[PDB]
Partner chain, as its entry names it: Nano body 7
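Have a look below at one chain only, the form solved without the partner chain, in C-alpha cells format.
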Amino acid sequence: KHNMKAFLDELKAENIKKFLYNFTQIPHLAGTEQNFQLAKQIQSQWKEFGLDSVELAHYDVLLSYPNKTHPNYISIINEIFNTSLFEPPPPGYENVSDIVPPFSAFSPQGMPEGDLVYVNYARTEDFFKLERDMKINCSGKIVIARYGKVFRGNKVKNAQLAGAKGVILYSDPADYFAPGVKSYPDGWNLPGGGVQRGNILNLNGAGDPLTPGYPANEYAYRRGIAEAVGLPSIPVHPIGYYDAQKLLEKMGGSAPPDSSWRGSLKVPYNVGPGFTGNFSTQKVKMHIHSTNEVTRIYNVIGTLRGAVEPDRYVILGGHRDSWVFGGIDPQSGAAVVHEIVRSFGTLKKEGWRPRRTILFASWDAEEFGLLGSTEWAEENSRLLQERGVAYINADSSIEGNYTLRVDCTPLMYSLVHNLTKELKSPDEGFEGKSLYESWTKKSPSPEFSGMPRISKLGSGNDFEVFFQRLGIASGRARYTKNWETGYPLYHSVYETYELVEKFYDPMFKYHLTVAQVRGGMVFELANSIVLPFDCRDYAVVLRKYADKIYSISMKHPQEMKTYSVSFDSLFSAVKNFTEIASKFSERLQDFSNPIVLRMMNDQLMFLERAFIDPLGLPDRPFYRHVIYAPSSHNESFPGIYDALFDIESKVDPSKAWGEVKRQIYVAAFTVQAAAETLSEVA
C-alpha cells in the first residue's frame, strides 16, 4: 500500500543524521562559491531521489560582507581596548579565514566616535521609558543594546528614530546563557567570545532592497542604493559578553529604572549617557568597513507532479544558506527536507504520485532578508496565487528538545491536531504515547483544556511572502525548549554538527519526529481528496481577535464616545463568517461530483486568499494579510492595532480616531468578504 503510513515509515533518523553531517562540514554563506556547490549537490540528489524536475532559480540581489583586509571592530579611545576580530573557532575546525567574522549584515560604513547610552533591549517600550519617564536623550549617542525580545532590525530602526549615531549589539548571559549548562564545546551554552550574527534590515516584506515587487532577474532595473528599501542609516556591530563587559563597566549617569533593565554581567547597567568620573573623558569608537554588493543567489526548486490536480501546489520550503556551519540554522531543517524528498521519491519509484503537485524548495539568502524565497515568489506570483494550496516551512528542526512548537493558519489547526494524534511521542516518559499527548501536556493551550498551544505566524522566515503578501495558507513546526527556564549559540560559529549530535539530539529522534510532522502535513495537503482545512477554526479565532482589539480601544472610552467609534460592523462580520462557515462545513460533509468537490476545494484554497487587501497596510504595500500582517509598532487586526498604538500621544485626536474607524471599516469589510467566498457560489 502507498498511504501516509508508508511515507512516514520510510523516513529514517540515521539518514537525517548523515545529511546533517554532510551539510555542515564547511560554511555555506549566501552568495559564496561553497553555497552554490551545495545547491548543485542538492539539485543532483533530488533528481537521484526521483523528482520529476529539479532546477536552479537564480537572482542577483544586494548582499553584505565584511572587508577581508580591513576588519570591523569597536574601541574605547589612543585605542585602549579593542573588541575581537573573530570568535575563537571550535575544536578541530580548519578553514577559519572562510569563516565570516561576526558582523551586522547591511550596516553602512563609518567610524562614529561618541558616548554610550544603554537602551536595554531597544524595544519601542524601552525607548518610551528612556525619553518620556527618564528624560534621557539618545541624539548623537552610540547606543548599546542587548539582543533579545524583538528582531534586531527593529532595535536599529528604534535607535535611528531616537537619533543615535551607532548601535552596538551584544548577547547578555541573562538572555543567552542557561543556568547550570556548560559552554561550548562541553555543553550548549554561549561562551563569552561567541557572537550572534544577523541582518539588521527593515524591509517590511519587500525582499531584495533594490527590486521591490519584481524578481531580481537578468534584465531587472535596480534602485540606486540611496533609494533602496530598508537599509540602516547608522553603523551597527555585534559583540559577545566578554567584550560587552569591557564596554559597560565604566557606564555612568542614571541608574537602571528597575531590575528589568539589568542583565547578568558584573556591571551596574547604568543607562548613561557616558562613563563615570575618572573615565568621563574616554569615548567609544566603531570601525565598520563592510560593503553591500549585488551577488548571485540560487534556489533549488524540485517538482513532484500531481496525478489528478497537477495545477495545485503544495510547497515544502526552507533555506540552505547559513551564517557559518549552520549546524542548527538551517541544516537541521534542510536535512529533514532532504529525507522527506527521499521518502516521497521512494514511493514515486514504486509508481505512486501525490494527488496534487508538491514543490520542494531549498531557499538561498534567507539570512539576508528572506531574499531567495521572496524573489522566487515575486517571479511566480501569478502561478502561486491561483494555484498555491499551502506552504509548509522547514528551517531549523530543533532549537531545543523539550516539545513541539507549531505556528500556522487556523485553517491547519485540525490537520495538526489529527496528525500529531497518530504520531509517536519521542519524549522521555511518553513512550507509547502520541505526540499530541506529550505536546499538549508540555505546552497547554492558554484557553482550552486538553488542547496544545498553536501560535500565530508573524514574520522573520521564508513563509513570510507566501502568507503575508500572497495569502497562501502556511504553517511551520519544530522542536523547541522549555520557554520558562532563541537558543544560546544562535548564529554563532559554535552552531555545528557536534553541537546537535552531542547535546541536542544524539539519536536524531526529535529530527525524525519533526520530519514526520512536516512531511505528514505535506502528504495530507497534497493527497487528501477534500483539502484538510476547517474554516470553522478561522471563525473561532476571528471572534477572539475582535474581542481583543475592542478591549484595547476600550481603554479610551471618552474618545470612543466623542468620535462615535463603533466595533459593531466588525462583530457583525465575524458573526456572519461564523454562520456562513458553519453552513459551508455542512455542505462539505453532505456532497461522486468532482466539480462540486473542486469548487469546494477552490473555496477552501481561496479562503486564506480572501484575507489579502490588494492595497496592503498603510505605507507597507507588501504586507497585505488583514488578519495577521506584522504590526508596524511591534496583535492580529494589525491595521486597527497600529491605528490605536500610542493614540493618546497623537496631536490631532480627531484625525487619529478617524483613522481607527477607517481601519475598523476595512477589517469588517474584509471579514465579510472572506465569509462570502464560502457562500453558495450562485
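Numbering follows the first chain given and starts at 1.
Omitted here: the form solved in complex with the partner chain. The next part is about that form.
This chain is displayed without the partner chain, yet in the deposited bound form the stretch 443-451 from 443-451, 115-123, 337-345, 259-267 comes within 4.5 Å of it by heavy atoms. Although the partner is absent here, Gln558 sits close enough that one of its heavy atoms falls within 4.5 Å of the partner chain in the deposited bound form. Using a 4.5 Å cutoff between non-hydrogen atoms, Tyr550 counts as a contact of the partner chain in the deposited bound form. Though the partner is left out of this view, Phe151 does not reach within 4.5 Å of the partner chain in the deposited bound form, counting heavy atoms only.
The shortest heavy atom separation between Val530 and the partner chain in the deposited bound form exceeds 4.5 Å.
Put simply, of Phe571, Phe430, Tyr93, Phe503 only one has a heavy atom within 4.5 Å of the partner chain in the deposited bound form, and it is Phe571. For the candidate set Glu48, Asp652, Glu33, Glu648, a heavy atom within 4.5 Å of the partner chain in the deposited bound form is found for exactly one residue, namely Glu648.
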